[PDB]
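Source file: start_37.cif; contents: mmCIF, C-alpha atoms.
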data_target
#
loop_
_atom_site.label_atom_id
_atom_site.label_comp_id
_atom_site.auth_asym_id
_atom_site.auth_seq_id
_atom_site.Cartn_x
_atom_site.Cartn_y
_atom_site.Cartn_z
CA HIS A 36 12.39 -9.40 -21.07
CA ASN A 37 13.57 -8.65 -17.57
CA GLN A 38 16.01 -6.59 -19.65
CA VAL A 39 13.39 -4.20 -21.05
CA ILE A 40 11.86 -3.11 -17.73
CA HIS A 41 15.31 -1.63 -17.15
CA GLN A 42 14.34 0.71 -19.99
CA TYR A 43 11.35 2.18 -18.15
CA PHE A 44 13.34 2.80 -14.96
CA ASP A 45 16.53 3.91 -16.75
CA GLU A 46 14.42 6.42 -18.65
CA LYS A 47 12.17 7.84 -15.92
CA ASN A 48 15.53 8.66 -14.28
CA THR A 49 14.30 6.97 -11.12
CA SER A 50 15.65 3.97 -9.22
CA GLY A 51 13.27 1.21 -8.08
CA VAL A 52 12.31 -2.49 -8.13
CA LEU A 53 9.02 -4.09 -9.22
CA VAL A 54 8.48 -7.26 -7.17
CA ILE A 55 5.97 -9.77 -8.53
CA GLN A 56 4.58 -12.88 -6.86
CA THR A 57 2.35 -15.43 -8.61
CA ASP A 58 1.84 -18.32 -6.19
CA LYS A 59 5.09 -18.13 -4.13
CA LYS A 60 7.41 -17.80 -7.16
CA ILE A 61 8.66 -14.25 -6.67
CA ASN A 62 10.33 -12.42 -9.56
CA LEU A 63 12.02 -9.03 -9.50
CA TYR A 64 11.95 -6.55 -12.35
CA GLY A 65 13.28 -3.03 -12.62
CA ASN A 66 16.69 -1.38 -12.77
CA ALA A 67 17.74 -1.42 -9.12
CA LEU A 68 16.74 -4.93 -8.10
CA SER A 69 18.51 -4.61 -4.75
CA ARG A 70 15.71 -2.64 -3.05
CA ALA A 71 13.60 -5.82 -2.91
CA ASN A 72 15.21 -6.76 0.42
CA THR A 73 15.82 -3.28 1.79
CA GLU A 74 13.49 -2.01 4.53
CA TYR A 75 11.65 1.26 3.79
CA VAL A 76 8.94 2.97 5.76
CA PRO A 77 5.51 1.89 4.47
CA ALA A 78 3.85 5.32 4.27
CA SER A 79 0.20 5.35 3.22
CA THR A 80 0.49 1.71 2.13
CA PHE A 81 0.11 0.83 5.79
CA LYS A 82 -3.40 2.13 5.48
CA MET A 83 -4.34 -1.42 4.52
CA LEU A 84 -3.09 -3.09 7.67
CA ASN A 85 -4.53 -0.20 9.72
CA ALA A 86 -8.05 -0.73 8.36
CA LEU A 87 -7.92 -4.46 9.15
CA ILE A 88 -6.69 -3.87 12.69
CA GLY A 89 -9.44 -1.31 13.19
CA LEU A 90 -12.38 -3.02 11.52
CA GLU A 91 -11.36 -6.31 13.11
CA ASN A 92 -11.01 -4.91 16.60
CA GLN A 93 -14.28 -3.01 16.10
CA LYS A 94 -12.93 0.46 16.58
CA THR A 95 -15.00 1.33 13.51
CA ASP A 96 -17.03 -0.03 10.63
CA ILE A 97 -17.18 0.49 6.91
CA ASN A 98 -20.12 2.82 7.55
CA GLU A 99 -18.80 5.11 10.28
CA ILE A 100 -18.46 8.63 8.93
CA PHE A 101 -15.43 10.64 9.98
CA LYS A 102 -16.25 14.28 10.64
CA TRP A 103 -13.99 17.06 9.39
CA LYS A 104 -13.61 19.41 12.35
CA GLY A 105 -12.27 22.43 10.42
CA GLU A 106 -8.47 21.99 10.53
CA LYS A 107 -6.54 22.50 7.29
CA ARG A 108 -5.10 19.38 5.68
CA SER A 109 -2.42 18.35 3.18
CA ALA A 110 -4.79 18.21 0.19
CA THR A 111 -8.07 19.98 -0.25
CA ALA A 112 -10.34 17.05 -1.14
CA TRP A 113 -9.55 15.94 2.46
CA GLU A 114 -11.46 18.80 4.18
CA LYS A 115 -14.84 16.98 4.32
CA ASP A 116 -16.75 14.24 6.16
CA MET A 117 -15.75 10.82 4.93
CA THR A 118 -15.78 7.09 5.64
CA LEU A 119 -12.81 4.80 6.06
CA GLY A 120 -13.56 3.61 2.53
CA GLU A 121 -13.12 7.10 1.04
CA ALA A 122 -10.34 8.00 3.43
CA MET A 123 -8.70 4.97 1.78
CA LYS A 124 -9.16 5.94 -1.87
CA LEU A 125 -7.66 9.33 -0.91
CA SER A 126 -4.72 8.37 1.38
CA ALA A 127 -6.23 10.79 3.92
CA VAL A 128 -3.79 10.62 6.81
CA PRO A 129 -5.72 12.40 9.60
CA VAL A 130 -8.57 9.86 9.45
CA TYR A 131 -6.35 6.85 9.94
CA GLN A 132 -4.45 8.76 12.58
CA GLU A 133 -7.70 9.03 14.51
CA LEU A 134 -8.28 5.33 13.91
CA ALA A 135 -4.73 4.66 15.09
CA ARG A 136 -5.29 6.68 18.24
CA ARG A 137 -8.46 4.63 18.77
CA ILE A 138 -6.45 1.40 18.40
CA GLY A 139 -3.75 2.68 20.70
CA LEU A 140 -0.10 1.67 20.98
CA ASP A 141 -0.51 -1.67 22.79
CA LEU A 142 -3.18 -3.14 20.56
CA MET A 143 -1.50 -1.51 17.59
CA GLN A 144 1.95 -2.93 18.35
CA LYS A 145 0.76 -6.41 19.32
CA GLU A 146 -1.26 -6.93 16.14
CA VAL A 147 1.64 -5.59 14.05
CA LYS A 148 4.12 -7.99 15.59
CA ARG A 149 1.41 -10.67 15.36
CA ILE A 150 1.01 -10.19 11.63
CA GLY A 151 4.82 -9.80 11.64
CA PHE A 152 4.83 -6.69 9.45
CA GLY A 153 8.24 -5.29 8.52
CA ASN A 154 10.60 -4.94 11.46
CA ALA A 155 7.32 -4.93 13.50
CA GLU A 156 8.46 -2.00 15.65
CA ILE A 157 6.29 1.11 15.91
CA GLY A 158 8.05 2.92 18.72
CA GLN A 159 5.84 5.26 20.65
CA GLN A 160 3.97 7.85 18.69
CA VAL A 161 1.15 5.55 17.59
CA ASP A 162 -0.03 8.13 15.04
CA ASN A 163 3.15 8.53 12.92
CA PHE A 164 5.23 5.34 13.15
CA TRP A 165 4.53 4.46 9.51
CA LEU A 166 5.42 7.84 7.97
CA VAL A 167 8.85 8.40 9.53
CA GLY A 168 9.54 5.06 11.21
CA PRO A 169 10.56 3.21 13.27
CA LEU A 170 8.38 0.91 11.15
CA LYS A 171 10.09 -0.23 7.96
CA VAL A 172 9.24 -3.03 5.51
CA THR A 173 11.04 -4.42 2.42
CA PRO A 174 9.29 -4.61 -0.96
CA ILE A 175 9.53 -8.40 -0.85
CA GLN A 176 7.58 -8.48 2.40
CA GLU A 177 4.95 -6.10 1.02
CA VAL A 178 3.97 -8.19 -2.00
CA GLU A 179 3.71 -11.29 0.17
CA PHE A 180 1.47 -9.38 2.58
CA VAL A 181 -0.81 -7.97 -0.12
CA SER A 182 -0.66 -11.50 -1.56
CA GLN A 183 -2.12 -13.09 1.56
CA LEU A 184 -4.68 -10.29 1.74
CA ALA A 185 -5.88 -10.95 -1.80
CA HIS A 186 -6.15 -14.69 -1.06
CA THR A 187 -7.89 -13.83 2.21
CA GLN A 188 -5.03 -15.66 3.96
CA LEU A 189 -4.37 -12.89 6.59
CA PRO A 190 -4.89 -13.61 10.32
CA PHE A 191 -8.14 -11.68 10.31
CA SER A 192 -11.74 -12.81 9.99
CA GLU A 193 -12.46 -13.18 6.28
CA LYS A 194 -15.29 -10.68 6.44
CA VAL A 195 -12.88 -7.92 7.45
CA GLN A 196 -10.38 -8.89 4.75
CA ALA A 197 -13.02 -8.79 2.07
CA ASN A 198 -14.05 -5.33 3.26
CA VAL A 199 -10.54 -3.89 3.01
CA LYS A 200 -10.27 -5.43 -0.44
CA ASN A 201 -13.36 -3.48 -1.47
CA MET A 202 -11.68 -0.16 -0.77
CA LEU A 203 -8.60 -0.83 -2.90
CA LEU A 204 -10.04 -1.19 -6.41
CA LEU A 205 -8.16 1.04 -8.86
CA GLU A 206 -9.17 -0.05 -12.38
CA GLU A 207 -11.76 -2.43 -13.84
CA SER A 208 -11.08 -2.41 -17.61
CA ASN A 209 -11.29 -5.43 -19.94
CA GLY A 210 -12.32 -7.89 -17.26
CA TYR A 211 -9.03 -7.04 -15.52
CA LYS A 212 -9.30 -5.87 -11.91
CA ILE A 213 -6.38 -4.02 -10.34
CA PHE A 214 -6.19 -3.36 -6.62
CA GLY A 215 -3.58 -1.45 -4.66
CA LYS A 216 -2.61 1.48 -2.45
CA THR A 217 -0.04 4.23 -3.08
CA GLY A 218 2.47 5.56 -0.59
CA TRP A 219 4.93 8.42 -0.67
CA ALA A 220 7.28 9.53 2.07
CA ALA A 221 8.27 12.97 0.90
CA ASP A 222 9.67 13.77 4.34
CA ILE A 223 12.75 11.54 4.32
CA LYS A 224 15.69 11.38 1.97
CA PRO A 225 15.77 9.88 -0.41
CA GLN A 226 12.00 9.84 -0.76
CA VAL A 227 10.46 6.39 -1.20
CA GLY A 228 7.39 5.87 -3.35
CA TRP A 229 5.28 2.74 -3.03
CA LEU A 230 2.47 1.06 -4.95
CA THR A 231 1.41 -2.40 -3.73
CA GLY A 232 -1.51 -4.39 -5.11
CA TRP A 233 -2.60 -7.27 -7.26
CA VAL A 234 -4.38 -8.23 -10.46
CA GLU A 235 -7.57 -10.20 -10.23
CA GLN A 236 -7.26 -11.69 -13.71
CA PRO A 237 -10.33 -12.53 -15.83
CA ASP A 238 -9.98 -16.25 -15.08
CA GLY A 239 -9.65 -15.25 -11.43
CA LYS A 240 -5.90 -15.87 -11.33
CA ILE A 241 -4.17 -13.53 -8.91
CA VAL A 242 -0.91 -11.67 -9.49
CA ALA A 243 0.49 -9.66 -6.61
CA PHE A 244 3.15 -6.99 -6.98
CA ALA A 245 4.98 -4.27 -5.10
CA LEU A 246 6.42 -1.28 -6.98
CA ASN A 247 9.06 0.45 -4.90
CA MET A 248 10.76 3.46 -6.40
CA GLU A 249 12.86 6.36 -5.23
CA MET A 250 10.92 9.61 -5.47
CA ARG A 251 11.83 13.23 -6.06
CA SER A 252 9.40 16.00 -5.14
CA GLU A 253 8.85 17.14 -8.74
CA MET A 254 7.38 13.93 -10.22
CA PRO A 255 3.61 13.54 -10.74
CA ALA A 256 1.74 10.92 -8.69
CA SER A 257 0.73 9.12 -11.92
CA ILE A 258 4.38 8.36 -12.44
CA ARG A 259 3.91 5.34 -10.18
CA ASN A 260 1.02 4.16 -12.38
CA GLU A 261 2.64 5.14 -15.64
CA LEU A 262 5.32 2.60 -14.74
CA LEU A 263 3.14 -0.19 -13.38
CA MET A 264 0.56 -0.21 -16.19
CA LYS A 265 3.07 -0.40 -19.03
CA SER A 266 5.02 -2.86 -16.89
CA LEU A 267 2.17 -5.33 -16.40
CA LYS A 268 1.67 -5.14 -20.14
CA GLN A 269 5.27 -6.16 -20.93
CA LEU A 270 4.87 -8.99 -18.46
CA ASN A 271 1.54 -9.40 -20.32
CA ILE A 272 -0.57 -9.52 -17.15
CA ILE A 273 -2.93 -7.29 -19.11
#

Structure translated into structure tokens:
Amino acid sequence: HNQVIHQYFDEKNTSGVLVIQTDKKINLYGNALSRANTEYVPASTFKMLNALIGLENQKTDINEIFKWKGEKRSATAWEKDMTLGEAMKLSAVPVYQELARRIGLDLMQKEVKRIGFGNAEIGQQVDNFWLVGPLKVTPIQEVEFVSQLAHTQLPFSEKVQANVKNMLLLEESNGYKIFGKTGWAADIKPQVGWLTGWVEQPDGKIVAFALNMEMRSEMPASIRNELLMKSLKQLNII
């Protein structure tokens, strides 16, 4: 049963762990269960803790619109005016880099070490420390974070936390609600791919998780969801 998840990771020729936490009892699944306590850079998963720090410290609001000042960007659906909310659904780095530069190293570091996120070191360039370090975080720590967030247990005003949670919805089929945020460091070797969220179950039960997997530049983004969906069905969470 833990044996069969090894089929999906064997077969997609990748190498990653699927951490799952349901009320403190944490259970690994995958085919390389050792990643669970290895630190990786967060990548665009850190977009969640960035939002909180921003919203909370009032460097923005869910309604501020971020204005695209012409420069060319990684994807094309990023060259447009957009709010934090939409910058979230799209992993749009230059927005949150602005936000980060608003927050500024000192605030940014102190709240990170306050939350105790990963090694809690961001070095100096306050606008890249989550894409190429020095910030790293192990998949275990990620699910516990996104756990606390889903239970509104994070050291932030609940109103903020609920707001962030409203950006992260990814599928609402069959009374099942799935939240989460993708990440992909294509710029380090080997590439790490993330996918950290939770299931709001019909009865309201909550099931956090943290897919970490080793990426290669040729795989489609929906490989991270191809895995997680059919995973959470074997574990029968859907």

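The smallest atom-to-atom distance between residue 171 (chain A) and any of A:159, A:42, A:109, A:72, using all atoms listed in the file, is found for A:72.
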
For residue 41 (chain A), which of A:130, A:230, A:252, A:266 is the closest residue, counting all atoms listed in the file?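 Between A:130, A:230, A:252, A:266, the residue approaching residue 41 (chain A) most closely is A:266.
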
Which is closer to residue 218 (chain A) than all the others in A:180, A:191, A:101, A:81, using only C-alpha atoms?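 Smallest separation from residue 218 (chain A) among the options: A:81.
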
As a check of understanding, name the residues that the PyMOL selection byres ((chain A and resi 138-148) around 7) selects in the supplied structure, as a PyMOL selection string. chain A and resi 89+94+134-137+149-152+155+157+159+161

Skip region 203-211 of chain A itself and residues of its chain fewer than 5 positions away, then list as a short mmCIF file (atom, residue, chain, number, x, y, z; two decimals) with C-alpha atoms, in the coordinates of the input all residues within 12 Å of it, counting all atoms listed in the file.
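File written: selection-v8.cif
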data_model
loop_
_atom_site.label_atom_id
_atom_site.label_comp_id
_atom_site.auth_asym_id
_atom_site.auth_seq_id
_atom_site.Cartn_x
_atom_site.Cartn_y
_atom_site.Cartn_z
CA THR A 80 0.49 1.71 2.13
CA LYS A 82 -3.40 2.13 5.48
CA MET A 83 -4.34 -1.42 4.52
CA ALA A 86 -8.05 -0.73 8.36
CA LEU A 119 -12.81 4.80 6.06
CA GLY A 120 -13.56 3.61 2.53
CA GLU A 121 -13.12 7.10 1.04
CA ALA A 122 -10.34 8.00 3.43
CA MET A 123 -8.70 4.97 1.78
CA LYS A 124 -9.16 5.94 -1.87
CA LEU A 125 -7.66 9.33 -0.91
CA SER A 126 -4.72 8.37 1.38
CA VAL A 181 -0.81 -7.97 -0.12
CA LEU A 184 -4.68 -10.29 1.74
CA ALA A 185 -5.88 -10.95 -1.80
CA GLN A 196 -10.38 -8.89 4.75
CA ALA A 197 -13.02 -8.79 2.07
CA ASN A 198 -14.05 -5.33 3.26
CA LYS A 216 -2.61 1.48 -2.45
CA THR A 217 -0.04 4.23 -3.08
CA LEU A 230 2.47 1.06 -4.95
CA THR A 231 1.41 -2.40 -3.73
CA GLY A 232 -1.51 -4.39 -5.11
CA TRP A 233 -2.60 -7.27 -7.26
CA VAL A 234 -4.38 -8.23 -10.46
CA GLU A 235 -7.57 -10.20 -10.23
CA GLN A 236 -7.26 -11.69 -13.71
CA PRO A 237 -10.33 -12.53 -15.83
CA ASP A 238 -9.98 -16.25 -15.08
CA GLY A 239 -9.65 -15.25 -11.43
CA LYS A 240 -5.90 -15.87 -11.33
CA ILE A 241 -4.17 -13.53 -8.91
CA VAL A 242 -0.91 -11.67 -9.49
CA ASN A 260 1.02 4.16 -12.38
CA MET A 264 0.56 -0.21 -16.19
CA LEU A 267 2.17 -5.33 -16.40
CA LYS A 268 1.67 -5.14 -20.14
CA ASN A 271 1.54 -9.40 -20.32
CA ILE A 272 -0.57 -9.52 -17.15
CA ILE A 273 -2.93 -7.29 -19.11
#

Point-to-point distance in Å for CA of residue 67 (chain A) and CA of residue 186 (chain A):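 It comes out at 28.5 Å.
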
So which residues get picked by the PyMOL selection byres ((chain A and resi 113) around 9) here, written as a compact mmCIF listing (two decimals) with C-alpha atoms, in the coordinates of the input?
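Once written, part_13.txt looks like this:
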# COMPACT_ATOMS: atom_id res chain seq x y z
CA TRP A 103 -13.99 17.06 9.39
CA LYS A 107 -6.54 22.50 7.29
CA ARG A 108 -5.10 19.38 5.68
CA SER A 109 -2.42 18.35 3.18
CA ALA A 110 -4.79 18.21 0.19
CA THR A 111 -8.07 19.98 -0.25
CA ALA A 112 -10.34 17.05 -1.14
CA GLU A 114 -11.46 18.80 4.18
CA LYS A 115 -14.84 16.98 4.32
CA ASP A 116 -16.75 14.24 6.16
CA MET A 117 -15.75 10.82 4.93
CA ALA A 122 -10.34 8.00 3.43
CA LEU A 125 -7.66 9.33 -0.91
CA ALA A 127 -6.23 10.79 3.92
CA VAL A 128 -3.79 10.62 6.81
CA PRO A 129 -5.72 12.40 9.60

Where's the centre, and what are the edge lengths in Å to one decimal, of a box along x, y and z enclosing all listed atoms of region 243-246 of chain A padded 8 Å per side, as JSON?
{"center_x": 3.5, "center_y": -5.5, "center_z": -6.0, "size_x": 21.9, "size_y": 24.4, "size_z": 17.9}

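Remark: for residue 263 (chain A), the closest of the candidate residues A:79, A:247, A:57, A:50 is A:247 (distances computed over all atoms listed in the file).
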
For residue 49 (chain A), the nearest of the candidates A:168, A:77, A:228, A:174, counting only C-alpha atoms: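 Of A:168, A:77, A:228, A:174, the one nearest residue 49 (chain A) is A:228, counting only C-alpha atoms.
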
Please determine, counting all atoms listed in the file, which residue among A:213, A:192, A:106, A:219 has the shortest atom-to-atom distance to residue 255 (chain A). A:219

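Between CA of residue 249 (chain A) and CA of residue 64 (chain A) the interatomic distance comes to 14.8 Å.
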
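Separating CA of residue 190 (chain A) from CA of residue 62 (chain A) is a distance of 25.1 Å.
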
Shell around residue 154 (chain A) at 10 Å using all atoms listed in the file, local window under 6 positions removed, as a ChimeraX atom specification: /A:74-76,147-148,169-173

Using all atoms listed in the file, which protein or nucleic acid residues come within 10 Å of residue 175 (chain A)? Drop anything in the same chain fewer than 5 positions from it, and give the result as a ChimeraX atom specification. /A:52-56,61-63,70-74,153,180,244-247

Those same residues, written as a compact mmCIF listing (two decimals), in the coordinates of the input with C-alpha atoms?
# COMPACT_ATOMS: atom_id res chain seq x y z
CA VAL A 52 12.31 -2.49 -8.13
CA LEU A 53 9.02 -4.09 -9.22
CA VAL A 54 8.48 -7.26 -7.17
CA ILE A 55 5.97 -9.77 -8.53
CA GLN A 56 4.58 -12.88 -6.86
CA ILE A 61 8.66 -14.25 -6.67
CA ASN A 62 10.33 -12.42 -9.56
CA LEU A 63 12.02 -9.03 -9.50
CA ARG A 70 15.71 -2.64 -3.05
CA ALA A 71 13.60 -5.82 -2.91
CA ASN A 72 15.21 -6.76 0.42
CA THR A 73 15.82 -3.28 1.79
CA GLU A 74 13.49 -2.01 4.53
CA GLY A 153 8.24 -5.29 8.52
CA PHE A 180 1.47 -9.38 2.58
CA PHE A 244 3.15 -6.99 -6.98
CA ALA A 245 4.98 -4.27 -5.10
CA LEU A 246 6.42 -1.28 -6.98
CA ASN A 247 9.06 0.45 -4.90
